[PDB]
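S.K.: whatever this is, show me its structure:
(2 chains)
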There are 2 protein chains.
Amino acid sequence: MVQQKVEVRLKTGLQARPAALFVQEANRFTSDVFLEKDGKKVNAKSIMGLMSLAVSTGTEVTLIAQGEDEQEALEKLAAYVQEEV
Amino acid sequence: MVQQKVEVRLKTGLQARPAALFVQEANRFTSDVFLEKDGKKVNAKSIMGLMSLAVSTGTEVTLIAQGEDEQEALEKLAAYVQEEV
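M.R.: Numbering: from 1, shown residues only, chains lettered A, B, ... in the order given. Dropping the coordinates below:
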């Protein structure tokens, strides 16, 4: 019989489900999505593109949308990425 | 054409793959696994048990193993949960 306390350190990030919705909102777009962070860059709104890299608490991402349908960018992606209540 | 910077806030935690390995290591056990955190408690090493709740950076978990095969608890789970290099 034994018992000792420990700490957590496992990986941390956005599962594969959230990333699926990320593109869904853009699905109603018509411009172009581009996420730039830590000098790194991904194809755009690709699912595997994000799931490939990783982020942390406090981090940030540069969302760029050029066009008219860019609405979903500021409208949805902004409110969504902000988990507004 | 538009373009504005933003910040990340999406959810954060251990995907469903890591949790699958958590039990794998215990699969070679024979005692009992119990994780207690934030007064909360899960069946034990259940996959859906953890995926159900959530954790954060700096957080901790109380791993309890009572028995002889408790080796995997201190041996593997400790080194694993510590992501030792």
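S.K.: which residues touch residue A:45?
M.R.: A:22-23, A:26, A:33, A:35 (Cβ atoms under 8 Å, 6 or more residues apart in numbering or on different chains). The way it works is simple: take the backbone N, C-alpha and C, and place the C-beta from them, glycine included.
S.K.: hmm, which of these are the buried ones?
M.R.: Applying 16 or more other Cβ atoms under 10 Å in any protein chain shown to those, the neighbour count classes A:22-23, A:26, A:33, A:35 as buried.
S.K.: around chain B, pick out the residues from chain A.
M.R.: Residues of chain A found near chain B (Cβ under 8 Å from any Cβ of the partner chain) are A:1-16, A:18, A:55-57, A:59-67, A:70, A:73-74, A:77-78, A:81-83.
S.K.: ok, back up a step: can I get the buried ones among the contacts of residue A:45 in CSV with secondary structure and distance to residue B:44?
M.R.: Converted to CSV, those look like this (DSSP: H, G, I helix; E, B strand; the rest coil; distance: Cβ to Cβ, whole Å):
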residue, secondary structure, distance to residue B:44
A:22, helix, 34
A:23, helix, 37
A:26, helix, 41
A:33, strand, 42
A:35, strand, 39
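S.K.: list just the nearest of the contacts of residue A:45 to chain B.
M.R.: The shortest approach to chain B among the contacts of residue A:45 belongs to residue A:22, at 8.5 Å (Cβ to the nearest Cβ).
S.K.: quick one: that closest one and residue A:47 touch, right?
M.R.: Yes: counting by Cβ atoms under 8 Å, residue A:22 does reach residue A:47; the two are 7.5 Å apart.
S.K.: just to revisit the earlier point, among the residues of chain A next to chain B, which are in strands?
M.R.: Using DSSP state E, the subset of the residues of chain A next to chain B located in strands is A:6-7, A:60-65.
S.K.: what is the burial count for the closest residue to residue A:47 other than its chain neighbours?
M.R.: Excluding its sequence neighbours, the residue lying closest to residue A:47 (Cβ to Cβ, 6 or more residues apart in numbering or on different chains) is residue A:19, at 5.0 Å. Residue A:19 has 19 neighbours, counted by other Cβ atoms under 10 Å in any protein chain shown.
S.K.: residues in contact with residue A:19?
M.R.: Here residue A:19 is in contact with A:47, A:50-51 (Cβ under 8 Å, 6+ apart).
S.K.: those helices in chain A, which residues are they?
M.R.: Assigned helices in chain A, in chain order: A:16-26, A:47-52, A:71-72, A:78-81 (criterion: DSSP state H).
S.K.: just name the most buried of these.
M.R.: Ranked by average neighbour count under the criterion mean count of other Cβ atoms under 10 Å in any protein chain shown, the helices of chain A are headed by helix A:71-72 at a mean of 18.
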